[PDB]
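Asker: Please find target.cif (mmCIF, C-alpha atoms) on the next line:
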```
data_start
loop_
_atom_site.group_PDB
_atom_site.id
_atom_site.type_symbol
_atom_site.label_atom_id
_atom_site.label_comp_id
_atom_site.auth_asym_id
_atom_site.auth_seq_id
_atom_site.Cartn_x
_atom_site.Cartn_y
_atom_site.Cartn_z
ATOM 1 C CA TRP Z 1598 -2.979 -38.920 9.605
ATOM 2 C CA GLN Z 1599 0.052 -38.539 11.802
ATOM 3 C CA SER Z 1600 -0.264 -35.345 13.827
ATOM 4 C CA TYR Z 1601 0.522 -33.590 10.510
ATOM 5 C CA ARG Z 1602 -2.145 -31.232 9.182
ATOM 6 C CA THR Z 1603 -2.214 -29.925 5.611
ATOM 7 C CA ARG Z 1604 -4.565 -27.215 4.406
ATOM 8 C CA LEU Z 1605 -6.303 -28.197 1.188
ATOM 9 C CA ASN Z 1606 -8.512 -25.088 0.810
ATOM 10 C CA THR Z 1607 -7.617 -21.420 0.396
ATOM 11 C CA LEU Z 1608 -10.233 -18.747 0.894
ATOM 12 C CA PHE Z 1609 -8.647 -15.546 -0.458
ATOM 13 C CA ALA Z 1610 -8.895 -16.522 -4.126
ATOM 14 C CA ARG Z 1611 -11.437 -13.742 -4.599
ATOM 15 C CA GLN Z 1612 -9.201 -11.226 -2.854
ATOM 16 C CA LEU Z 1613 -6.279 -12.571 -4.832
ATOM 17 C CA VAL Z 1614 -8.012 -12.007 -8.168
ATOM 18 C CA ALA Z 1615 -9.127 -8.535 -7.132
ATOM 19 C CA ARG Z 1616 -5.617 -7.547 -6.104
ATOM 20 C CA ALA Z 1617 -4.342 -8.955 -9.390
ATOM 21 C CA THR Z 1618 -6.801 -7.086 -11.588
ATOM 22 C CA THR Z 1619 -5.162 -3.753 -10.853
ATOM 23 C CA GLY Z 1620 -1.638 -4.410 -12.058
ATOM 24 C CA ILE Z 1621 1.133 -6.918 -12.486
ATOM 25 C CA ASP Z 1622 3.095 -5.282 -9.707
ATOM 26 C CA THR Z 1623 0.157 -5.529 -7.341
ATOM 27 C CA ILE Z 1624 -0.143 -9.303 -7.435
ATOM 28 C CA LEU Z 1625 3.571 -10.059 -7.360
ATOM 29 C CA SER Z 1626 4.317 -7.808 -4.407
ATOM 30 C CA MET Z 1627 5.587 -9.253 -1.188
ATOM 31 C CA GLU Z 1628 2.442 -7.996 0.497
ATOM 32 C CA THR Z 1629 0.217 -10.096 -1.736
ATOM 33 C CA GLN Z 1630 1.867 -13.105 -0.120
ATOM 34 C CA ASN Z 1631 1.351 -12.003 3.469
ATOM 35 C CA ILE Z 1632 -2.435 -12.377 3.346
ATOM 36 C CA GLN Z 1633 -3.327 -14.726 6.138
ATOM 37 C CA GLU Z 1634 -5.300 -17.959 6.132
ATOM 38 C CA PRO Z 1635 -7.286 -19.409 9.031
ATOM 39 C CA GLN Z 1636 -5.281 -21.838 11.096
ATOM 40 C CA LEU Z 1637 -5.595 -25.578 10.933
ATOM 41 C CA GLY Z 1638 -7.624 -27.317 13.606
ATOM 42 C CA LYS Z 1639 -7.213 -26.065 17.188
ATOM 43 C CA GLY Z 1640 -3.510 -25.834 17.682
ATOM 44 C CA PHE Z 1641 -1.117 -23.530 19.395
ATOM 45 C CA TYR Z 1642 0.890 -20.848 17.655
ATOM 46 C CA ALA Z 1643 4.356 -20.218 19.080
ATOM 47 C CA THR Z 1644 7.828 -18.901 18.328
ATOM 48 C CA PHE Z 1645 11.083 -20.485 19.474
ATOM 49 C CA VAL Z 1646 14.486 -18.882 20.065
ATOM 50 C CA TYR T 1259 0.814 30.943 -1.478
ATOM 51 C CA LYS T 1260 3.729 29.321 0.363
ATOM 52 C CA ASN T 1261 2.985 27.553 3.668
ATOM 53 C CA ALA T 1262 -0.674 27.363 2.650
ATOM 54 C CA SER T 1263 -2.422 24.095 3.459
ATOM 55 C CA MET T 1264 -2.104 21.209 1.020
ATOM 56 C CA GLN T 1265 -3.177 17.569 0.892
ATOM 57 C CA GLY T 1266 -1.564 14.631 -0.835
ATOM 58 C CA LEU T 1267 -1.882 10.900 -1.248
ATOM 59 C CA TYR T 1268 0.766 8.333 -2.065
ATOM 60 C CA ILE T 1269 0.179 5.763 -4.785
ATOM 61 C CA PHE T 1270 2.628 2.901 -4.380
ATOM 62 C CA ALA T 1271 3.651 0.320 -6.979
ATOM 63 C CA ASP T 1272 0.806 -1.935 -5.977
ATOM 64 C CA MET T 1273 -2.206 0.312 -5.764
ATOM 65 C CA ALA T 1274 -2.670 1.831 -2.334
ATOM 66 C CA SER T 1275 -3.704 5.276 -1.137
ATOM 67 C CA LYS T 1276 -1.684 6.654 1.784
ATOM 68 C CA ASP T 1277 -2.897 10.059 2.916
ATOM 69 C CA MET T 1278 -0.165 12.584 3.548
ATOM 70 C CA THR T 1279 0.639 14.194 6.877
ATOM 71 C CA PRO T 1280 0.643 18.007 7.078
ATOM 72 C CA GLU T 1281 4.387 17.875 7.737
ATOM 73 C CA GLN T 1282 4.959 15.601 4.743
ATOM 74 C CA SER T 1283 2.625 17.626 2.536
ATOM 75 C CA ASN T 1284 4.527 20.751 3.597
ATOM 76 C CA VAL T 1285 7.999 19.380 2.845
ATOM 77 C CA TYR T 1286 6.729 18.352 -0.585
ATOM 78 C CA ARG T 1287 5.241 21.819 -1.068
ATOM 79 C CA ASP T 1288 8.545 23.579 -0.467
ATOM 80 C CA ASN T 1289 10.176 22.227 -3.597
ATOM 81 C CA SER T 1290 6.863 21.528 -5.324
ATOM 82 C CA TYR T 1291 5.228 24.941 -5.581
ATOM 83 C CA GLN T 1292 5.710 27.051 -8.753
ATOM 84 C CA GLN T 1293 5.114 23.879 -10.767
ATOM 85 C CA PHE T 1294 1.360 24.374 -10.215
ATOM 86 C CA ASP T 1295 -0.522 27.465 -11.029
ATOM 87 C CA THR T 1296 -2.858 30.313 -10.132
ATOM 88 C CA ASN T 1297 -6.278 31.269 -11.462
ATOM 89 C CA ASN T 1298 -7.005 30.966 -15.197
ATOM 90 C CA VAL T 1299 -3.486 29.780 -16.029
ATOM 91 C CA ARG T 1300 -1.773 26.423 -15.710
ATOM 92 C CA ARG T 1301 1.736 25.091 -15.240
ATOM 93 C CA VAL T 1302 3.296 21.683 -15.780
ATOM 94 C CA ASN T 1303 4.446 19.062 -13.314
ATOM 95 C CA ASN T 1304 7.739 17.200 -13.192
ATOM 96 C CA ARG T 1305 9.551 14.714 -10.968
#
```
Using structure tokens, write down the structure from this file.
Answerer:
Amino acid sequence: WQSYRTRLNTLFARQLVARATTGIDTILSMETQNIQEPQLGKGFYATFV
Amino acid sequence: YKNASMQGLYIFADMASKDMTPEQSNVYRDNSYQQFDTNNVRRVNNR
């Protein structure tokens, strides 16, 4: 509505299940959380210091 | 047998296969060998 954008779909559910099926420590790893999602519409990725 | 070629793979907590580099595999050989065995006979493995 305002320039805010909020992703309501996540596509890695299949990958997430697969990674979980191995072991408890596979799904709860930090690296299970780093799996990326496509960006919201258009938009410009940047880092500020 | 020492300094002979050897291959290894890491299995991390979450399941992943990381192939071992000849230098790594070697440095694990040095303390590893004599826990594994020759023809017809077998040894045991430990940490």
Asker: Within 12 Å of chain Z, which residues of chain T show up when using only C-alpha atoms, listed as a VMD selection string?
Answerer: chain T and resid 1269 to 1274
Asker: Residues near segment 1633-1641 of chain Z, anyone? I mean within 12 Å using only C-alpha atoms, not counting same-chain ones fewer than 2 positions away, as number ranges by chain.
Answerer: Z: 1600-1610, 1612-1613, 1628-1631, 1643-1644
Asker: In Å, how far is it from atom CA of residue 1260 of chain T to atom CA of residue 1278 of chain T?
Answerer: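 Going from atom CA of residue 1260 of chain T over to atom CA of residue 1278 of chain T covers 17.5 Å.
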Asker: Between atom CA of residue 1287 of chain T and atom CA of residue 1264 of chain T, what is the distance, to one decimal in Å?
Answerer: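 Answer for the atom CA of residue 1287 of chain T to atom CA of residue 1264 of chain T separation: 7.7 Å.
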Asker: Expanded to explicit residues, what is the PyMOL selection byres ((chain T and resi 1267) around 9) for this file, as a ChimeraX atom specification?
Answerer: /T:1265-1266,1268-1269,1275-1278,1283
Asker: Could you tell me how far atom CA of residue 1292 of chain T lies from atom CA of residue 1305 of chain T, in Å and to one decimal?
Answerer: 13.1 Å
Asker: Please return segment 1262-1276 of chain T, rebuilt to N, CA, C and O atoms, as a PDB file, in the frame of the given file.
Answerer:
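part_31.pdb was written with the following content:
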```
ATOM      1  N   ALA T1262       0.751  27.658   2.679  1.00  0.00           N
ATOM      2  CA  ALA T1262      -0.674  27.363   2.650  1.00  0.00           C
ATOM      3  C   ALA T1262      -0.897  25.865   2.797  1.00  0.00           C
ATOM      4  O   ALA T1262       0.002  25.059   2.546  1.00  0.00           O
ATOM      5  N   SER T1263      -2.099  25.497   3.231  1.00  0.00           N
ATOM      6  CA  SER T1263      -2.422  24.095   3.459  1.00  0.00           C
ATOM      7  C   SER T1263      -2.477  23.338   2.143  1.00  0.00           C
ATOM      8  O   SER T1263      -2.820  23.897   1.099  1.00  0.00           O
ATOM      9  N   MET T1264      -2.123  22.059   2.198  1.00  0.00           N
ATOM     10  CA  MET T1264      -2.104  21.209   1.020  1.00  0.00           C
ATOM     11  C   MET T1264      -2.288  19.764   1.456  1.00  0.00           C
ATOM     12  O   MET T1264      -1.827  19.363   2.527  1.00  0.00           O
ATOM     13  N   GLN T1265      -2.955  18.981   0.620  1.00  0.00           N
ATOM     14  CA  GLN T1265      -3.177  17.569   0.892  1.00  0.00           C
ATOM     15  C   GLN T1265      -2.591  16.727  -0.224  1.00  0.00           C
ATOM     16  O   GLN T1265      -2.579  17.139  -1.387  1.00  0.00           O
ATOM     17  N   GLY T1266      -2.130  15.536   0.136  1.00  0.00           N
ATOM     18  CA  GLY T1266      -1.564  14.631  -0.835  1.00  0.00           C
ATOM     19  C   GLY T1266      -1.862  13.197  -0.457  1.00  0.00           C
ATOM     20  O   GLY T1266      -2.243  12.893   0.674  1.00  0.00           O
ATOM     21  N   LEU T1267      -1.691  12.325  -1.436  1.00  0.00           N
ATOM     22  CA  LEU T1267      -1.882  10.900  -1.248  1.00  0.00           C
ATOM     23  C   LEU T1267      -0.785  10.180  -2.007  1.00  0.00           C
ATOM     24  O   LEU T1267      -0.444  10.573  -3.124  1.00  0.00           O
ATOM     25  N   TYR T1268      -0.223   9.153  -1.392  1.00  0.00           N
ATOM     26  CA  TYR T1268       0.766   8.333  -2.065  1.00  0.00           C
ATOM     27  C   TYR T1268       0.073   7.227  -2.838  1.00  0.00           C
ATOM     28  O   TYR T1268      -0.902   6.643  -2.361  1.00  0.00           O
ATOM     29  N   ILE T1269       0.576   6.941  -4.030  1.00  0.00           N
ATOM     30  CA  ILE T1269       0.179   5.763  -4.785  1.00  0.00           C
ATOM     31  C   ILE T1269       1.421   4.921  -5.004  1.00  0.00           C
ATOM     32  O   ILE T1269       2.311   5.302  -5.772  1.00  0.00           O
ATOM     33  N   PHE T1270       1.477   3.780  -4.341  1.00  0.00           N
ATOM     34  CA  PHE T1270       2.628   2.901  -4.380  1.00  0.00           C
ATOM     35  C   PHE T1270       2.549   1.996  -5.606  1.00  0.00           C
ATOM     36  O   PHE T1270       1.594   2.049  -6.382  1.00  0.00           O
ATOM     37  N   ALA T1271       3.569   1.152  -5.782  1.00  0.00           N
ATOM     38  CA  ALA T1271       3.651   0.320  -6.979  1.00  0.00           C
ATOM     39  C   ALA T1271       2.410  -0.548  -7.125  1.00  0.00           C
ATOM     40  O   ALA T1271       1.696  -0.467  -8.128  1.00  0.00           O
ATOM     41  N   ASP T1272       2.141  -1.386  -6.132  1.00  0.00           N
ATOM     42  CA  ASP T1272       0.806  -1.935  -5.977  1.00  0.00           C
ATOM     43  C   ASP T1272      -0.108  -0.824  -5.487  1.00  0.00           C
ATOM     44  O   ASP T1272       0.331   0.098  -4.796  1.00  0.00           O
ATOM     45  N   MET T1273      -1.380  -0.886  -5.857  1.00  0.00           N
ATOM     46  CA  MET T1273      -2.206   0.312  -5.764  1.00  0.00           C
ATOM     47  C   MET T1273      -2.712   0.461  -4.341  1.00  0.00           C
ATOM     48  O   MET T1273      -3.470  -0.370  -3.840  1.00  0.00           O
ATOM     49  N   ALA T1274      -2.280   1.527  -3.693  1.00  0.00           N
ATOM     50  CA  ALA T1274      -2.670   1.831  -2.334  1.00  0.00           C
ATOM     51  C   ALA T1274      -2.646   3.339  -2.173  1.00  0.00           C
ATOM     52  O   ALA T1274      -1.780   4.015  -2.731  1.00  0.00           O
ATOM     53  N   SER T1275      -3.597   3.853  -1.410  1.00  0.00           N
ATOM     54  CA  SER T1275      -3.704   5.276  -1.137  1.00  0.00           C
ATOM     55  C   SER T1275      -3.256   5.529   0.293  1.00  0.00           C
ATOM     56  O   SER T1275      -3.880   5.029   1.234  1.00  0.00           O
ATOM     57  N   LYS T1276      -2.164   6.272   0.458  1.00  0.00           N
ATOM     58  CA  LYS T1276      -1.684   6.654   1.784  1.00  0.00           C
ATOM     59  C   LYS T1276      -1.784   8.164   1.905  1.00  0.00           C
ATOM     60  O   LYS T1276      -1.012   8.889   1.272  1.00  0.00           O
TER      61      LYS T1276
END
```
